[PDB]
Amino acid sequence: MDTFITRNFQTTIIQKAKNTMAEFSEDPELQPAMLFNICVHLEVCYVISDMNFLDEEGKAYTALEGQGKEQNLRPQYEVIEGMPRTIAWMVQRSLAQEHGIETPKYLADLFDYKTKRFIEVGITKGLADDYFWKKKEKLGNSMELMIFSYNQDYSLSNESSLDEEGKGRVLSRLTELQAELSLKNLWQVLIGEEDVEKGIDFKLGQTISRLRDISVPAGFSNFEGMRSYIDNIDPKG
Amino acid sequence: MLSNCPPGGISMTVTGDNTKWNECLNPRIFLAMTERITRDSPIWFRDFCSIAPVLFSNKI
Amino acid sequence: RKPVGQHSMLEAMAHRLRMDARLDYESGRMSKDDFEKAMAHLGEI
Amino acid sequence: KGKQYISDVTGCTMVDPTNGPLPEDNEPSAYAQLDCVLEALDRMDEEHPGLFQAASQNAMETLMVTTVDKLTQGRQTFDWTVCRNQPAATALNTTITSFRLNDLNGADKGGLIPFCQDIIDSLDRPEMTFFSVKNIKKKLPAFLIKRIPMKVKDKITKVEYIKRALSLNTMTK
Amino acid sequence: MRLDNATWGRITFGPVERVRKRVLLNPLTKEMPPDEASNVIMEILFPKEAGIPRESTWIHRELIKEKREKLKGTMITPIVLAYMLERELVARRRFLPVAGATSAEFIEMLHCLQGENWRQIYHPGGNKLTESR
RNA sequence: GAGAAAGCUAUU
RNA sequence: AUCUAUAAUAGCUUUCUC
Ligand SMILES: [Mg+2]
Ligand SMILES: [Mg+2]
């Protein structure tokens, strides 16, 4: 369950995924599938972001091994997913408002300074174009959203922003991760949809239960009997 | 109340206050009232509404 | 408006400051040197 | 004239007048009859169909959308950490800090329901570690007494904490 | 201005029967529900720290824009401006005893309008909506 | 040492 | 037809034991 994600993903990435799920108000234990999806989404977002960097003349260049922190001070792609809802909304509205761009009605996943556009990075399994057009249905071109898939298919938007090196890096990493999970036989653990309807958890401990038991009117032993009497007795007459 | 008084009858008004209102009302009765009122609510909400009269029934 | 969020005040303020520094550097309100100092301090947190 | 017993949670002497003997004079009576209360409530429900369900649904939804800071909207509140009275926001903050000290973190979720869950779970804790106030006293020549407060870590047992949490502080109007 | 450019009629002494109705306290430019008004104010004054773009707030978009262009270089503290806008955009409706004049322009003078045994004819200034007429 | 609730008012 | 909606602080009144 969590062992594969802990061994493969970093501590910060999994912590961000857990915080996002907690903000989304879903139990972390009974649905590992959402946890894995969030982890892989934010991880591939980081992989994409760690490719391009900004110069002083407004061009997007590439870094490699053997570079200091003075040359690596500001990024190219600003990653929004994994941040809290309030922080993410603040970042998106700030970029849109100071770049003279109307803010979309849905939270984005990345922002690019070279084209100054918001991107909704997604990963699917089926037809890439089908998911691409399904995402295109809502707003059309408010975000140059990008669609990836595990079968090495992808529906890149018109605003081309990634070259061959980074795309191949991401695809090879995805293939390696899929192979590593498949040899461990985790695919059936995640594909199978197990969503029972969940409510609000409020359980009474021992002390409060004992207080409630001794708090019933005279003539009842415990609170269960009193509650049953309240529900199932006609007090008429 | 004036309009609905039966014809040929009489109507009385009692200006009343209840003595020892707070010293006689019992939190166990309030526990019963909350259990009757939240009859068709989920279990967790019923427990939540039962907590307060219980804490008042053991107050110090 | 009462702010909402389950994250720390320090991280919220840090991200807000980082975005403000980025935006006012990209608009030409601050130079290269003070932006370098600001990003260094933000990373030091 | 009700039923007198001893609480097995705190050891206090408890009196239960409900379902007790019916009064025989015009003195104040606390012996409410459960069946009569239920019948009055049933008549109320029959006269106003769906009233109780609508009220319960509205209350539950409001409780779902209720945050912890609502508790800050009160006047002087009894603070169990110092066994004194403090403003509502200060008392709430001291409670949250103490619950953090006792490995309870329901206030971090921000809703009222996790905070109440952490409260009733604190009722089960065998010990309670918190921050209390100590007053250093000085003999000031002038002689008078000078008080300087400081926060320290204090500890109470399960029954003592339960009695403090159930305590009402009384003053004069 | 409404008070100064106003005409006072005669005063009559006689029984006045007042009914307690929920009435608008002060006249308003664009009456909005407090949630929508709060979102609009948030858009006008704190666009960066605003949040999800609720659809209803876009309805007043033009108005929003206007206010922003009127507050580009205002050094007044933002919270005072927020409550100025809220006073301009949020209705305050209260239960009050009235007799025959429930428009907000008459509600603001309600105290001089009538008592239980007298009436004062008052002609407020400003321009009145056609719905009231 | 000066509570709860309701209504109303002022202010930010 | 005001029915919805309604941030916080402070004040005043009322009610809440003799
Ligand atoms: Mg009376
Ligand atoms: Mg009384």
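No hydrogens, no waters, no symmetry mates; every other heavy atom, side chains included, goes into these values. Lettering of chains follows the sequences in order, A, B, ..., and the numbering in each one begins at 1.
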| Short side-chain N/O contact from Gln73(D) to OP1 or OP2 of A8(G), under 4.0 Å | yes
| What's the verdict on side-chain contact (heavy atoms from CB on, under 4.5 Å) for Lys3(D) and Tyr5(D), showing C-alpha distance, side-chain angles and the deciding distance? | CA-CA 7 Å; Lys3(D) 184 172 68 69; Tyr5(D) 62 98; 3.4 Å; yes
| Nearest nucleotide by nearest heavy atom, which residue falls closer to the 5' end of RNA chain G, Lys21(E) or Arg1(C)? | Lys21(E)
| message | Is there a side-chain contact between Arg92(E) and the phosphate of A10(F), meaning an N or O under 4.0 Å from OP1 or OP2? | response | yes
| task | State the dot-bracket string of RNA chain G. Criteria: Watson-Crick or G-U wobble, both atom distances under 3.5 angstrom; notation: ( ) intrastrand, [ ] crossing earlier pairs, | interstrand, . unpaired. | result | ......|.||||||||..
| Interatomic distance where CZ belongs to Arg22(E) and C1' belongs to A5(G) [whole Å] | 9 Å
| message | For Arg93(E) and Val80(E), find the nucleotide of RNA chain F closest to each by heavy atoms; which residue's nucleotide sits nearer the 5' end? | response | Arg93(E)
| said: On RNA chain G, compare the nucleotides closest to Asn18(B) and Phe95(E); which residue's is nearer the 5' end? | reply: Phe95(E)
| field | Nearest non-hydrogen partners of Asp45(D) and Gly50(D), listed with the distance | value | OD1-N, 4.3 Å
| message | Rounded to the nearest 0.5 Å, what separates atom CD1 in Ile37(B) from atom CG in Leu51(D)? | response | 8.5 Å
| query | Atom CG in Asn169(D), atom SG in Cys83(D): separation rounded to 0.5 Å? | reply | 9.0 Å
| said: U11(F), OP1 or OP2 - any side-chain N/O from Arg87(E) closer than 4.0 Å? | reply: no
